[PDB]
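Scroll down for the structure; my scribbles are underneath it.
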Amino acid sequence: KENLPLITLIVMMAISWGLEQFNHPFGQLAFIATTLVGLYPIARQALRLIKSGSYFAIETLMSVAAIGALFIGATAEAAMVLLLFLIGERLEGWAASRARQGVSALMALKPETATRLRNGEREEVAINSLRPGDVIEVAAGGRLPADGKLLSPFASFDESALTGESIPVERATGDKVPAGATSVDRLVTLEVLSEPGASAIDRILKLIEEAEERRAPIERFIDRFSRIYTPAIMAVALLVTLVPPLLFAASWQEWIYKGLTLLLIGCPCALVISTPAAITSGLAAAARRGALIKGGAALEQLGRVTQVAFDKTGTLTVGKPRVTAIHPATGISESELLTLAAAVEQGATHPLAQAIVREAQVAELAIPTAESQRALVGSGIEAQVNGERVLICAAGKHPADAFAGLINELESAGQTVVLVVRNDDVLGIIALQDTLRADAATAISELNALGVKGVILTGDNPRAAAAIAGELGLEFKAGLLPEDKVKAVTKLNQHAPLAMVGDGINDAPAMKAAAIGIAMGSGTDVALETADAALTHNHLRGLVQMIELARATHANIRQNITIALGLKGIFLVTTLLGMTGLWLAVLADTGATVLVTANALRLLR
Ligand code: BEF
Ligand SMILES: [Mg+2]
C-alpha cells in the first residue's frame, strides 16, 4: 500500500550518497540523475503555471534554484531540497485525502428508486423512469424522489432540508411538495410534476456549481509568499553576478558561480518543508477535536475569517420540537392536559406528538389507555380515551375563542400550538418550539471573544427566526430562499472573509459563495459534499476551536519560514566572515528543517 513512485527517489538518492564514498565520479552522475528525476514533475508544473500567467510560483523558485546548482557542483544539495519538497507535499496531500473521505463517511448514501403505482400494482422503477402524471407512493419516513402534487386527503412533511422550516408542514389535496424529504407520518400518494433533471433538488443544485463558476482561485500562503520572495532573491542573485565584473573587473566566472550559489542557498530544504508541515499538523490537530477540514488550502482560509453566517434549523438548532407551554382550560391542571394529550400521541411518529410524550415522561406522568387512534380529520389525530373522543389538532383547525388571544401571543413568539378538545370543548392548548443545540449559546459567546460577529440566514418563518435569534444575541434574515442566502453571503464576504455554517441543501449554494462552508455532521449529503469542512459530533464549539486552530496554523507557517530561511541567513554570514567555521558551518541548516518539523508540532494539545 500503495504508491512507490516517490520511493524510488529516496532510494536513488541513497544509492548516490553511497557510491560516492568510493567510485566518486559516478556518485556525481548518480546525483545528476536523482536530481533530474526529482525535478521533472516540479520543473514541469512550474512551466504550466508559467504559461497560465502565473510565474514566480515557487516550483519557479526551486526549478531555477535546482537548475542553478544542477551543475555548479552542488547536486545532492539541490537534490535534497527538491526531494524534501515533493515529500512534504505528499504528506499534506495524504492528510487532505483522509480528511475528505472521513467526511465521505458521514454521507448516509442515497438509495435512489421510487415506487410507481400504475395499473393498481406497484413497481420499483428507477427515479429517472418517472414522467409527470405518474402516480407515486411514498411511505412514512421516506423522502420524495420528485416534486409531487399531493393526491391523498391530508399529509404532513419534513421539508426542513429544503426550506429550513422548523416544523412539519400540513399539506392538503393538490398541494405541491418538493423532491427530497419527507413524509413524517402516513403513507402518502403523490402525482409526479417534476421531470428528471428538473426537481427542486436539481434547481437548487445548479446554484451550487453556478456559485462555483464564480469562485476566486485560491492563492496559497506560499505561492503568495514566493510571489514576492522569489523575484526578490532572483533579482539580487543576478545583480551579485553582474556588478563585480562591470566595476572591479572581476571574473564573470567567480561571480556567475557566486550568483547561482546565492540563488540556491536562498532555497533551503526547510521553508520548502515549512508550509506542508504546519498544514499536515493543523489539519490533523483540527481533526482531533472533531472538525474535519478538507484540503489544507481550506484550512489556510479558515485562519482568515472574522464573520460567521449560521443557518438555524438543524445547525443552530436540532430540528426537533420540545414543549414550551402548557395552558389548561379552567378546572384542569397542566398535568391532566398533558397526560391526556400523551395518551393520544403515543405511537404517533410526528415530531410534535413525540415532543408531547417526552414531556409527559420527563414529568413522571403515567400515560394511560389508548384504544382507536385515528390519524385522520386534517392535521389532527384523535383517539378514544376514558370512553371519550379526544382530538389533538393544529392551530386554527378548531374554534378556540377563549384561548384565541393567548394562542396569538404564543404564535407571535415563534411558538406552534396544538389544541386538546374533548367533545367539542377545547380542554386546553400546548405550545411547542424547535430546540437549539446545547453548546450553541456558549459557542456564540466564545466566537465573540475572538471578535467574530454572527448572523442568522434562515429560510424559516421570521417568528421562529426571531425566537431563536432572540435567545442568542444575533441578528437574522428570515424566510429567504437559497439564492437569498447566496446574495446575503456574497454581500457580506465583501467586507471580511465569512464562514458559512449549514445543515441542509439550501445552504450549499451559500456555502461555495464564501471563504469556507462548514457542514453539520447531521448535514444533508449535498451539504457535506459542498462543505469545505465538516463538523462531526454536531458540536458548535468546534467552530471556535476551528478558527483558533486555524489561526495558529497561519502563525505556525510563518514561524517555520522565518526559522528555516532565517538561520540559513545567519550561518550564511558566519561561514562567510571568517567562520570558517563551526557547527552550522555546513550542517547548520538541517538544523533548521528539524526545528521546522518541531515548531509545526506546537499545534497539538
Ligand atoms: F435549516 Be435551514 F434554515 F435550511
Ligand atoms: Mg437546515
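Basis: the model, the stated rules and, where named, an outside source; no laboratory instrument gave them. Neighbour counts run over all protein chains shown; Cβ positions are idealised from the backbone, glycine included.
Can you name every residue in region 299-352 that is more than 16 Å from ligand 2 (Cβ to nearest atom), in a strand (DSSP E or B) and not hydrophobic (A, V, I, L, M, F, W, C)?
Those that are more than 16 Å from ligand 2 (Cβ to nearest atom), in a strand (DSSP E or B) and not hydrophobic (A, V, I, L, M, F, W, C): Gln307, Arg322, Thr324, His327, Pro328.
Would you say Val455 is farther than 30 Å from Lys110 by Cβ, more than 16 Å from ligand 2 (Cβ to nearest atom) and not in a helix (DSSP H, G or I)? Spelling it out, it is not the case that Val455 is farther than 30 Å from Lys110 by Cβ, more than 16 Å from ligand 2 (Cβ to nearest atom) and not in a helix (DSSP H, G or I). Confirm whether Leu565 is more than 15 Å from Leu205 (Cβ to Cβ), in the same structural domain as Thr230 (by CATH), in contact with a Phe, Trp or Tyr (Cβ under 9 Å, 6 or more places away or on another chain) and away from ligand 2 (no atom under 16 Å from the Cβ). The answer is yes for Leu565. With respect to the conditions (1) touching a residue at least 60 places away in the same chain (Cβ under 8 Å); (2) touching a strand residue (DSSP E or B) at 6+ places or on another chain (Cβ under 8 Å), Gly459 falls short on a single one, namely (2). Residues that are at negative phi, buried (at least 20 other Cβ atoms within 10 Å of the Cβ) and in a loop (DSSP other than H, G, I, E, B) do not occur anywhere in region 353-366. For region 471-556, the helices (runs of 4 or more DSSP H) that sit wholly inside it and include 1 or more residues that are farther than 18 Å from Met107 by Cβ and within 15 Å of ligand 2 (Cβ to nearest atom) are 482-493, 508-511.
Does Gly142 satisfy being surrounded by fewer than 19 Cβ atoms within 10 Å (Cβ to Cβ), touching a residue at least 24 places away in the same chain (Cβ under 8 Å) and not charged (D, E, K, R)? In short, yes.
Are there strands (runs of 3 or more DSSP E) fully within region 135-233 with at least 1 residues that are within 16 Å of ligand 2 (Cβ to nearest atom) and under 30 Å from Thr435 (Cβ atoms)? List them.
Because the criterion is at least 1 residues that are within 16 Å of ligand 2 (Cβ to nearest atom) and under 30 Å from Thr435 (Cβ atoms), the strands (runs of 3 or more DSSP E) in region 135-233 that meet it are 154-157, 169-172.
Among residues that are under 21 Å from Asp158 (Cα atoms), buried (at least 24 other Cβ atoms within 10 Å of the Cβ) and within 13 Å of ligand 1 (Cβ to nearest atom), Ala510 is not included. So which residues in region 294-344 are of a type in the set (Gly, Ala, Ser), crowded, with 20+ Cβ neighbours inside 10 Å and in contact (Cβ under 8 Å) with a residue 60 or more places away in the chain? Selection gives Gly295, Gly296, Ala298, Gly303, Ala309, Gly314, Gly319, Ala341.
For the residues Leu292, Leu283, the requirement of being farther than 30 Å from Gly73 by Cα and outside any helix (DSSP H, G or I) singles out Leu292. Counted as qualifying within region 1-116 are the helices (runs of 4 or more DSSP H) with 1 or more residues that are over 25 Å from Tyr257 (Cα atoms) and assigned by CATH to the domain that holds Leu238, namely 5-18, 24-51, 75-106.
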